[PDB]
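Source file: run.pdb. Holds: PDB, C-alpha atoms.
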ATOM      1  CA  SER U 450      -7.135 -13.342   2.939  1.00  0.00           C
ATOM      2  CA  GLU U 451      -8.668  -9.904   2.485  1.00  0.00           C
ATOM      3  CA  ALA U 452     -10.317 -10.153   5.915  1.00  0.00           C
ATOM      4  CA  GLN U 453      -6.966 -11.078   7.468  1.00  0.00           C
ATOM      5  CA  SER U 454      -5.584  -8.001   5.725  1.00  0.00           C
ATOM      6  CA  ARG U 455      -8.276  -5.884   7.358  1.00  0.00           C
ATOM      7  CA  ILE U 456      -7.469  -7.428  10.762  1.00  0.00           C
ATOM      8  CA  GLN U 457      -3.694  -7.760  11.147  1.00  0.00           C
ATOM      9  CA  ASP U 458      -2.178  -5.343   8.630  1.00  0.00           C
ATOM     10  CA  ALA U 459      -1.204  -1.730   9.317  1.00  0.00           C
ATOM     11  CA  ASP U 460      -1.901   1.506   7.444  1.00  0.00           C
ATOM     12  CA  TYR U 461       1.305   3.264   6.445  1.00  0.00           C
ATOM     13  CA  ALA U 462      -0.073   6.819   6.277  1.00  0.00           C
ATOM     14  CA  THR U 463      -1.082   6.834   9.945  1.00  0.00           C
ATOM     15  CA  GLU U 464       2.147   5.099  10.964  1.00  0.00           C
ATOM     16  CA  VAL U 465       4.297   7.650   9.117  1.00  0.00           C
ATOM     17  CA  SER U 466       2.390  10.578  10.617  1.00  0.00           C
ATOM     18  CA  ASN U 467       2.621   9.117  14.126  1.00  0.00           C
ATOM     19  CA  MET U 468       6.341   8.393  13.765  1.00  0.00           C
ATOM     20  CA  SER U 469       7.076  11.920  12.540  1.00  0.00           C
ATOM     21  CA  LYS U 470       5.081  13.413  15.413  1.00  0.00           C
ATOM     22  CA  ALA U 471       6.880  11.182  17.920  1.00  0.00           C
ATOM     23  CA  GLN U 472      10.298  12.186  16.581  1.00  0.00           C
ATOM     24  CA  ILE U 473       9.312  15.860  16.801  1.00  0.00           C
ATOM     25  CA  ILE U 474       8.207  15.309  20.403  1.00  0.00           C
ATOM     26  CA  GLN U 475      11.492  13.567  21.218  1.00  0.00           C
ATOM     27  CA  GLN U 476      13.623  16.416  19.876  1.00  0.00           C
ATOM     28  CA  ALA U 477      11.453  19.029  21.601  1.00  0.00           C
ATOM     29  CA  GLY U 478      11.721  17.177  24.904  1.00  0.00           C
ATOM     30  CA  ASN U 479      15.490  16.963  24.534  1.00  0.00           C
ATOM     31  CA  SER U 480      15.691  20.727  23.997  1.00  0.00           C
ATOM     32  CA  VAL U 481      13.458  21.406  27.006  1.00  0.00           C
ATOM     33  CA  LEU U 482      15.623  19.069  29.096  1.00  0.00           C
ATOM     34  CA  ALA U 483      18.717  21.030  28.092  1.00  0.00           C
ATOM     35  CA  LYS U 484      16.984  24.261  29.111  1.00  0.00           C
ATOM     36  CA  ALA U 485      15.861  22.744  32.424  1.00  0.00           C
ATOM     37  CA  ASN U 486      19.389  21.644  33.301  1.00  0.00           C
ATOM     38  CA  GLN U 487      20.604  25.113  32.289  1.00  0.00           C
ATOM     39  CA  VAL U 488      18.158  26.842  34.668  1.00  0.00           C
ATOM     40  CA  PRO U 489      19.959  26.178  38.008  1.00  0.00           C
ATOM     41  CA  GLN U 490      23.017  28.236  36.967  1.00  0.00           C
ATOM     42  CA  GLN U 491      21.601  31.358  38.661  1.00  0.00           C
ATOM     43  CA  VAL U 492      22.689  30.089  42.085  1.00  0.00           C
ATOM     44  CA  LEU U 493      26.323  30.395  41.013  1.00  0.00           C
ATOM     45  CA  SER U 494      25.627  34.050  40.204  1.00  0.00           C
ATOM     46  CA  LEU U 495      23.960  34.410  43.607  1.00  0.00           C
ATOM     47  CA  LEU U 496      27.016  32.996  45.378  1.00  0.00           C
ATOM     48  CA  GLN U 497      29.612  34.982  43.428  1.00  0.00           C
ATOM     49  CA  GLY U 498      27.771  38.225  44.204  1.00  0.00           C
TER      50      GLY U 498
ATOM     51  CA  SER D 450     -25.861 -39.604 -39.439  1.00  0.00           C
ATOM     52  CA  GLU D 451     -27.352 -36.143 -39.837  1.00  0.00           C
ATOM     53  CA  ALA D 452     -29.131 -36.553 -36.490  1.00  0.00           C
ATOM     54  CA  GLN D 453     -25.765 -37.333 -34.888  1.00  0.00           C
ATOM     55  CA  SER D 454     -24.405 -34.229 -36.615  1.00  0.00           C
ATOM     56  CA  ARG D 455     -27.064 -32.096 -34.952  1.00  0.00           C
ATOM     57  CA  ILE D 456     -26.012 -33.513 -31.546  1.00  0.00           C
ATOM     58  CA  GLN D 457     -22.253 -33.977 -31.238  1.00  0.00           C
ATOM     59  CA  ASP D 458     -20.849 -31.523 -33.791  1.00  0.00           C
ATOM     60  CA  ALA D 459     -19.904 -27.903 -33.112  1.00  0.00           C
ATOM     61  CA  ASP D 460     -20.747 -24.666 -34.931  1.00  0.00           C
ATOM     62  CA  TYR D 461     -17.494 -22.964 -35.863  1.00  0.00           C
ATOM     63  CA  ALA D 462     -18.884 -19.409 -35.948  1.00  0.00           C
ATOM     64  CA  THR D 463     -19.863 -19.464 -32.271  1.00  0.00           C
ATOM     65  CA  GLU D 464     -16.625 -21.186 -31.266  1.00  0.00           C
ATOM     66  CA  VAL D 465     -14.472 -18.646 -33.121  1.00  0.00           C
ATOM     67  CA  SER D 466     -16.377 -15.738 -31.574  1.00  0.00           C
ATOM     68  CA  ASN D 467     -15.972 -17.217 -28.088  1.00  0.00           C
ATOM     69  CA  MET D 468     -12.263 -17.838 -28.700  1.00  0.00           C
ATOM     70  CA  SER D 469     -11.681 -14.237 -29.792  1.00  0.00           C
ATOM     71  CA  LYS D 470     -13.630 -12.902 -26.812  1.00  0.00           C
ATOM     72  CA  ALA D 471     -11.656 -15.138 -24.448  1.00  0.00           C
ATOM     73  CA  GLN D 472      -8.334 -13.921 -25.850  1.00  0.00           C
ATOM     74  CA  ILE D 473      -9.419 -10.296 -25.437  1.00  0.00           C
ATOM     75  CA  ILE D 474     -10.526 -11.002 -21.860  1.00  0.00           C
ATOM     76  CA  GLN D 475      -7.208 -12.688 -21.055  1.00  0.00           C
ATOM     77  CA  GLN D 476      -5.117  -9.790 -22.350  1.00  0.00           C
ATOM     78  CA  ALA D 477      -7.309  -7.209 -20.601  1.00  0.00           C
ATOM     79  CA  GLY D 478      -7.051  -9.118 -17.328  1.00  0.00           C
ATOM     80  CA  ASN D 479      -3.278  -9.287 -17.678  1.00  0.00           C
ATOM     81  CA  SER D 480      -3.128  -5.511 -18.140  1.00  0.00           C
ATOM     82  CA  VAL D 481      -5.380  -4.898 -15.127  1.00  0.00           C
ATOM     83  CA  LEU D 482      -3.229  -7.245 -13.040  1.00  0.00           C
ATOM     84  CA  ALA D 483      -0.118  -5.297 -14.026  1.00  0.00           C
ATOM     85  CA  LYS D 484      -1.785  -2.038 -12.986  1.00  0.00           C
ATOM     86  CA  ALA D 485      -2.953  -3.562  -9.691  1.00  0.00           C
ATOM     87  CA  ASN D 486       0.563  -4.712  -8.822  1.00  0.00           C
ATOM     88  CA  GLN D 487       1.817  -1.256  -9.825  1.00  0.00           C
ATOM     89  CA  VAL D 488      -0.569   0.518  -7.414  1.00  0.00           C
ATOM     90  CA  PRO D 489       1.220  -0.066  -4.047  1.00  0.00           C
ATOM     91  CA  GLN D 490       4.241   2.093  -4.969  1.00  0.00           C
ATOM     92  CA  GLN D 491       2.580   5.034  -3.195  1.00  0.00           C
ATOM     93  CA  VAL D 492       3.738   3.493   0.090  1.00  0.00           C
ATOM     94  CA  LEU D 493       7.344   3.718  -1.065  1.00  0.00           C
ATOM     95  CA  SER D 494       6.540   7.300  -2.047  1.00  0.00           C
ATOM     96  CA  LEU D 495       5.204   7.947   1.469  1.00  0.00           C
ATOM     97  CA  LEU D 496       8.203   6.379   3.202  1.00  0.00           C
ATOM     98  CA  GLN D 497      10.713   8.311   1.093  1.00  0.00           C
ATOM     99  CA  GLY D 498       9.173  11.627   2.144  1.00  0.00           C
TER     100      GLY D 498
END
Could I get this file's structure written as structure tokens?
Amino acid sequence: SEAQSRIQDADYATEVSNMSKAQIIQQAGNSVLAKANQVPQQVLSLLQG
Amino acid sequence: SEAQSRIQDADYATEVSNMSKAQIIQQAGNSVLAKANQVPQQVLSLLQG
């Protein structure tokens, strides 16, 4: 049983750290996506003068 | 009869000492088991934050 624990079971510290990092990455990517879609607005300024 | 006494009969001093030691061992093991089952709460602590 203890060997099966060493084989199939997961370690919660690493999982929690990885999940927190992944959530941080997701929010950061969402913000960068918003900025990227905001970038092309300069062409409207070009056209208007 | 006395020869049979030296063979099949028990010595109460040794038996009482063993009984007391066994009771102490049982209670100590119960306490250690309680502590062992109490250990894994740190994972709940991790998940909470």
Practice problem: Please evaluate the PyMOL selection byres ((chain U) within 8 of (chain D)) against the displayed coordinates and give the resulting residues as a ChimeraX atom specification. | Solution: /U:461-462,465
Kindly export the residues of the current selection with C-alpha atoms, as a PDB file, in the coordinates of the input.
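Saved file out.pdb follows:
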ATOM      1  CA  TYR U 461       1.305   3.264   6.445  1.00  0.00           C
ATOM      2  CA  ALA U 462      -0.073   6.819   6.277  1.00  0.00           C
ATOM      3  CA  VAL U 465       4.297   7.650   9.117  1.00  0.00           C
TER       4      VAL U 465
END
Chain fit, chain D moved to chain U over all Cα pairs in order, as a PDB file with C-alpha atoms, in the frame of the given file:
ATOM      1  CA  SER D 450      -7.163 -13.406   3.009  1.00  0.00           C
ATOM      2  CA  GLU D 451      -8.642  -9.944   2.579  1.00  0.00           C
ATOM      3  CA  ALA D 452     -10.425 -10.319   5.928  1.00  0.00           C
ATOM      4  CA  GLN D 453      -7.063 -11.095   7.540  1.00  0.00           C
ATOM      5  CA  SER D 454      -5.692  -8.011   5.787  1.00  0.00           C
ATOM      6  CA  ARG D 455      -8.346  -5.855   7.428  1.00  0.00           C
ATOM      7  CA  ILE D 456      -7.301  -7.245  10.848  1.00  0.00           C
ATOM      8  CA  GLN D 457      -3.544  -7.718  11.163  1.00  0.00           C
ATOM      9  CA  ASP D 458      -2.130  -5.291   8.590  1.00  0.00           C
ATOM     10  CA  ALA D 459      -1.174  -1.669   9.238  1.00  0.00           C
ATOM     11  CA  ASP D 460      -2.005   1.555   7.390  1.00  0.00           C
ATOM     12  CA  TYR D 461       1.254   3.238   6.446  1.00  0.00           C
ATOM     13  CA  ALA D 462      -0.124   6.797   6.328  1.00  0.00           C
ATOM     14  CA  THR D 463      -1.107   6.777  10.004  1.00  0.00           C
ATOM     15  CA  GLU D 464       2.125   5.054  11.028  1.00  0.00           C
ATOM     16  CA  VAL D 465       4.287   7.571   9.152  1.00  0.00           C
ATOM     17  CA  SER D 466       2.390  10.498  10.672  1.00  0.00           C
ATOM     18  CA  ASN D 467       2.787   9.049  14.171  1.00  0.00           C
ATOM     19  CA  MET D 468       6.495   8.411  13.568  1.00  0.00           C
ATOM     20  CA  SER D 469       7.089  12.000  12.445  1.00  0.00           C
ATOM     21  CA  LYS D 470       5.142  13.367  15.411  1.00  0.00           C
ATOM     22  CA  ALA D 471       7.107  11.146  17.797  1.00  0.00           C
ATOM     23  CA  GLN D 472      10.434  12.340  16.387  1.00  0.00           C
ATOM     24  CA  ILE D 473       9.360  15.972  16.767  1.00  0.00           C
ATOM     25  CA  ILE D 474       8.247  15.301  20.349  1.00  0.00           C
ATOM     26  CA  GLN D 475      11.559  13.612  21.172  1.00  0.00           C
ATOM     27  CA  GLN D 476      13.661  16.492  19.854  1.00  0.00           C
ATOM     28  CA  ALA D 477      11.475  19.095  21.578  1.00  0.00           C
ATOM     29  CA  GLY D 478      11.724  17.214  24.868  1.00  0.00           C
ATOM     30  CA  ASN D 479      15.497  17.030  24.523  1.00  0.00           C
ATOM     31  CA  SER D 480      15.659  20.801  24.028  1.00  0.00           C
ATOM     32  CA  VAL D 481      13.407  21.448  27.033  1.00  0.00           C
ATOM     33  CA  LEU D 482      15.548  19.113  29.143  1.00  0.00           C
ATOM     34  CA  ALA D 483      18.666  21.042  28.142  1.00  0.00           C
ATOM     35  CA  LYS D 484      17.009  24.315  29.152  1.00  0.00           C
ATOM     36  CA  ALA D 485      15.833  22.824  32.459  1.00  0.00           C
ATOM     37  CA  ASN D 486      19.344  21.671  33.342  1.00  0.00           C
ATOM     38  CA  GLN D 487      20.610  25.114  32.309  1.00  0.00           C
ATOM     39  CA  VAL D 488      18.228  26.917  34.702  1.00  0.00           C
ATOM     40  CA  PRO D 489      20.012  26.357  38.076  1.00  0.00           C
ATOM     41  CA  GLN D 490      23.041  28.498  37.138  1.00  0.00           C
ATOM     42  CA  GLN D 491      21.387  31.460  38.884  1.00  0.00           C
ATOM     43  CA  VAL D 492      22.537  29.944  42.184  1.00  0.00           C
ATOM     44  CA  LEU D 493      26.145  30.147  41.030  1.00  0.00           C
ATOM     45  CA  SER D 494      25.353  33.723  40.016  1.00  0.00           C
ATOM     46  CA  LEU D 495      24.016  34.405  43.525  1.00  0.00           C
ATOM     47  CA  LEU D 496      27.009  32.843  45.274  1.00  0.00           C
ATOM     48  CA  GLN D 497      29.527  34.748  43.151  1.00  0.00           C
ATOM     49  CA  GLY D 498      27.996  38.079  44.171  1.00  0.00           C
TER      50      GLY D 498
END
Exercise. Grab the CA of residue 482 (chain D) to CA of residue 497 (chain D) distance for me, in Å with one decimal place.
Key: 25.2 Å
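Between CA of residue 458 (chain D) and CA of residue 476 (chain D) the interatomic distance comes to 29.2 Å.
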Quiz item: So how far away is CA of residue 489 (chain D) from CA of residue 473 (chain U), in Å?
Solution: 27.5 Å
Please fill the gaps in region 455-489 of chain U so it has N, CA and C atoms, and write that as a PDB file, in the frame of the given file.
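Listing of part_5.pdb after writing:
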ATOM      1  N   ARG U 455      -7.596  -6.901   6.563  1.00  0.00           N
ATOM      2  CA  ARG U 455      -8.276  -5.884   7.358  1.00  0.00           C
ATOM      3  C   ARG U 455      -8.013  -6.013   8.849  1.00  0.00           C
ATOM      4  N   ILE U 456      -7.605  -7.182   9.329  1.00  0.00           N
ATOM      5  CA  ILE U 456      -7.469  -7.428  10.762  1.00  0.00           C
ATOM      6  C   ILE U 456      -6.045  -7.173  11.252  1.00  0.00           C
ATOM      7  N   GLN U 457      -5.049  -7.780  10.607  1.00  0.00           N
ATOM      8  CA  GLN U 457      -3.694  -7.760  11.147  1.00  0.00           C
ATOM      9  C   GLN U 457      -2.800  -6.693  10.533  1.00  0.00           C
ATOM     10  N   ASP U 458      -3.092  -6.237   9.321  1.00  0.00           N
ATOM     11  CA  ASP U 458      -2.178  -5.343   8.630  1.00  0.00           C
ATOM     12  C   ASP U 458      -2.318  -3.906   9.131  1.00  0.00           C
ATOM     13  N   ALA U 459      -1.281  -3.113   8.876  1.00  0.00           N
ATOM     14  CA  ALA U 459      -1.204  -1.730   9.317  1.00  0.00           C
ATOM     15  C   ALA U 459      -1.319  -0.775   8.134  1.00  0.00           C
ATOM     16  N   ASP U 460      -1.741   0.449   8.436  1.00  0.00           N
ATOM     17  CA  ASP U 460      -1.901   1.506   7.444  1.00  0.00           C
ATOM     18  C   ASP U 460      -0.698   2.436   7.526  1.00  0.00           C
ATOM     19  N   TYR U 461       0.014   2.587   6.407  1.00  0.00           N
ATOM     20  CA  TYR U 461       1.305   3.264   6.445  1.00  0.00           C
ATOM     21  C   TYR U 461       1.173   4.772   6.612  1.00  0.00           C
ATOM     22  N   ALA U 462       0.088   5.376   6.124  1.00  0.00           N
ATOM     23  CA  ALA U 462      -0.073   6.819   6.277  1.00  0.00           C
ATOM     24  C   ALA U 462      -0.117   7.213   7.750  1.00  0.00           C
ATOM     25  N   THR U 463      -0.970   6.538   8.522  1.00  0.00           N
ATOM     26  CA  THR U 463      -1.082   6.834   9.945  1.00  0.00           C
ATOM     27  C   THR U 463       0.223   6.545  10.670  1.00  0.00           C
ATOM     28  N   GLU U 464       0.886   5.441  10.318  1.00  0.00           N
ATOM     29  CA  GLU U 464       2.147   5.099  10.964  1.00  0.00           C
ATOM     30  C   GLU U 464       3.211   6.155  10.697  1.00  0.00           C
ATOM     31  N   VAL U 465       3.307   6.629   9.453  1.00  0.00           N
ATOM     32  CA  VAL U 465       4.297   7.650   9.117  1.00  0.00           C
ATOM     33  C   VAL U 465       4.007   8.938   9.874  1.00  0.00           C
ATOM     34  N   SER U 466       2.736   9.353   9.901  1.00  0.00           N
ATOM     35  CA  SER U 466       2.390  10.578  10.617  1.00  0.00           C
ATOM     36  C   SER U 466       2.713  10.457  12.102  1.00  0.00           C
ATOM     37  N   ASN U 467       2.359   9.320  12.706  1.00  0.00           N
ATOM     38  CA  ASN U 467       2.621   9.117  14.126  1.00  0.00           C
ATOM     39  C   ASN U 467       4.114   9.100  14.416  1.00  0.00           C
ATOM     40  N   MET U 468       4.899   8.448  13.556  1.00  0.00           N
ATOM     41  CA  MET U 468       6.341   8.393  13.765  1.00  0.00           C
ATOM     42  C   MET U 468       6.970   9.775  13.655  1.00  0.00           C
ATOM     43  N   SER U 469       6.546  10.567  12.667  1.00  0.00           N
ATOM     44  CA  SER U 469       7.076  11.920  12.540  1.00  0.00           C
ATOM     45  C   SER U 469       6.726  12.761  13.760  1.00  0.00           C
ATOM     46  N   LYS U 470       5.477  12.668  14.224  1.00  0.00           N
ATOM     47  CA  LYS U 470       5.081  13.413  15.413  1.00  0.00           C
ATOM     48  C   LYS U 470       5.893  12.983  16.628  1.00  0.00           C
ATOM     49  N   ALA U 471       6.115  11.677  16.782  1.00  0.00           N
ATOM     50  CA  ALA U 471       6.880  11.182  17.920  1.00  0.00           C
ATOM     51  C   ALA U 471       8.319  11.676  17.879  1.00  0.00           C
ATOM     52  N   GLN U 472       8.930  11.687  16.694  1.00  0.00           N
ATOM     53  CA  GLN U 472      10.298  12.186  16.581  1.00  0.00           C
ATOM     54  C   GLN U 472      10.367  13.675  16.910  1.00  0.00           C
ATOM     55  N   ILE U 473       9.374  14.444  16.452  1.00  0.00           N
ATOM     56  CA  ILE U 473       9.312  15.860  16.801  1.00  0.00           C
ATOM     57  C   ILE U 473       9.223  16.028  18.311  1.00  0.00           C
ATOM     58  N   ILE U 474       8.364  15.233  18.954  1.00  0.00           N
ATOM     59  CA  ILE U 474       8.207  15.309  20.403  1.00  0.00           C
ATOM     60  C   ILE U 474       9.518  14.972  21.098  1.00  0.00           C
ATOM     61  N   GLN U 475      10.230  13.960  20.600  1.00  0.00           N
ATOM     62  CA  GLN U 475      11.492  13.567  21.218  1.00  0.00           C
ATOM     63  C   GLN U 475      12.511  14.698  21.158  1.00  0.00           C
ATOM     64  N   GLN U 476      12.661  15.321  19.986  1.00  0.00           N
ATOM     65  CA  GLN U 476      13.623  16.416  19.876  1.00  0.00           C
ATOM     66  C   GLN U 476      13.216  17.605  20.742  1.00  0.00           C
ATOM     67  N   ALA U 477      11.920  17.929  20.766  1.00  0.00           N
ATOM     68  CA  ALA U 477      11.453  19.029  21.601  1.00  0.00           C
ATOM     69  C   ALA U 477      11.722  18.754  23.074  1.00  0.00           C
ATOM     70  N   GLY U 478      11.453  17.528  23.522  1.00  0.00           N
ATOM     71  CA  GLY U 478      11.721  17.177  24.904  1.00  0.00           C
ATOM     72  C   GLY U 478      13.196  17.248  25.241  1.00  0.00           C
ATOM     73  N   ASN U 479      14.054  16.850  24.300  1.00  0.00           N
ATOM     74  CA  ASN U 479      15.490  16.963  24.534  1.00  0.00           C
ATOM     75  C   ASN U 479      15.903  18.420  24.708  1.00  0.00           C
ATOM     76  N   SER U 480      15.371  19.308  23.864  1.00  0.00           N
ATOM     77  CA  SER U 480      15.691  20.727  23.997  1.00  0.00           C
ATOM     78  C   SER U 480      15.205  21.283  25.332  1.00  0.00           C
ATOM     79  N   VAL U 481      13.985  20.920  25.735  1.00  0.00           N
ATOM     80  CA  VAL U 481      13.458  21.406  27.006  1.00  0.00           C
ATOM     81  C   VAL U 481      14.275  20.859  28.170  1.00  0.00           C
ATOM     82  N   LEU U 482      14.758  19.620  28.058  1.00  0.00           N
ATOM     83  CA  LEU U 482      15.623  19.069  29.096  1.00  0.00           C
ATOM     84  C   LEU U 482      16.918  19.857  29.205  1.00  0.00           C
ATOM     85  N   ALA U 483      17.510  20.210  28.062  1.00  0.00           N
ATOM     86  CA  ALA U 483      18.717  21.030  28.092  1.00  0.00           C
ATOM     87  C   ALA U 483      18.451  22.362  28.783  1.00  0.00           C
ATOM     88  N   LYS U 484      17.325  23.000  28.457  1.00  0.00           N
ATOM     89  CA  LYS U 484      16.984  24.261  29.111  1.00  0.00           C
ATOM     90  C   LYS U 484      16.787  24.075  30.613  1.00  0.00           C
ATOM     91  N   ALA U 485      16.121  22.988  31.009  1.00  0.00           N
ATOM     92  CA  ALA U 485      15.861  22.744  32.424  1.00  0.00           C
ATOM     93  C   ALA U 485      17.157  22.548  33.196  1.00  0.00           C
ATOM     94  N   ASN U 486      18.099  21.788  32.636  1.00  0.00           N
ATOM     95  CA  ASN U 486      19.389  21.644  33.301  1.00  0.00           C
ATOM     96  C   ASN U 486      20.197  22.934  33.271  1.00  0.00           C
ATOM     97  N   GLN U 487      19.940  23.816  32.305  1.00  0.00           N
ATOM     98  CA  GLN U 487      20.604  25.113  32.289  1.00  0.00           C
ATOM     99  C   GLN U 487      20.043  26.072  33.333  1.00  0.00           C
ATOM    100  N   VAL U 488      18.780  25.898  33.729  1.00  0.00           N
ATOM    101  CA  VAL U 488      18.158  26.842  34.668  1.00  0.00           C
ATOM    102  C   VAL U 488      18.949  27.027  35.961  1.00  0.00           C
ATOM    103  N   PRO U 489      19.392  25.974  36.663  1.00  0.00           N
ATOM    104  CA  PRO U 489      19.959  26.178  38.008  1.00  0.00           C
ATOM    105  C   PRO U 489      21.253  26.979  38.059  1.00  0.00           C
TER     106      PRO U 489
END
